[PDB]
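Below, each chain spelled out in residue letters.
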Amino acid sequence: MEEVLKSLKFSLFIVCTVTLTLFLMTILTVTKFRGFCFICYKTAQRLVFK
């Protein structure tokens with residue numbers, strides 16, 4: 001954690017660039033969500049083992 005704390009100094013600039021990444025990674029999840037919506041409970045059911 002110590003290192004990272006100091007890395008923020010330079011990493012700061014990266015943020016501005018990572019900004020777009022958030023939106024990009026979002027569009028990819030938006031689609032997958034369509035199927036994940038089912039697998040979520042579909043898999044949880046067996047996981048609970050009623």
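Residues numbered from 1 in each chain as written, not as in the entry; some residues may be left out. Heavy atoms only, no water.

Please clarify how the UniProt feature "transmembrane region" in the chain should be interpreted in this entry.
Following the UniProt record, one finds the feature "transmembrane region" at residues 10-30. End C-alpha to end C-alpha, residues 10-30 measures 31 Å, and it is 100% helix and 0% strand. (UniProt positions renumbered as here; feature names shortened; annotations may be inferred. Helix = DSSP H or I, 4+ residues; strand = E, 2+ residues; numbered from the N terminus.)

Just checking my understanding: could you explain helix α1 (residues 2-48) for this structure?
One full turn of an α-helix is made of 3.6 residues, so residues set three or four places apart face in the same direction. With 47 residues, α1 extends just 40 Å between its outermost C-alpha atoms, more than 12% less than the 69 Å of an ideal straight helix rising 1.5 Å per residue. Of the residues trailing α1, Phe49 is marked for its positive phi of about 50 degrees. (Expected span 1.5 Å × (residues − 1).)

Is there a simple way to explain unusual backbone geometry in this structure?
Outside of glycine, negative phi angles account for most residues, and trans bonds account for most peptide bonds. In this structure, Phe49 takes a positive phi of about 50 degrees despite not being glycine. Residue placement: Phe49 occurs in the segment after α1. Note on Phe49: relative accessible area 71%, which makes it exposed. (Buried < 20%, exposed > 50% of the residue type's maximum accessible area, 1.4 Å probe, protein only.)

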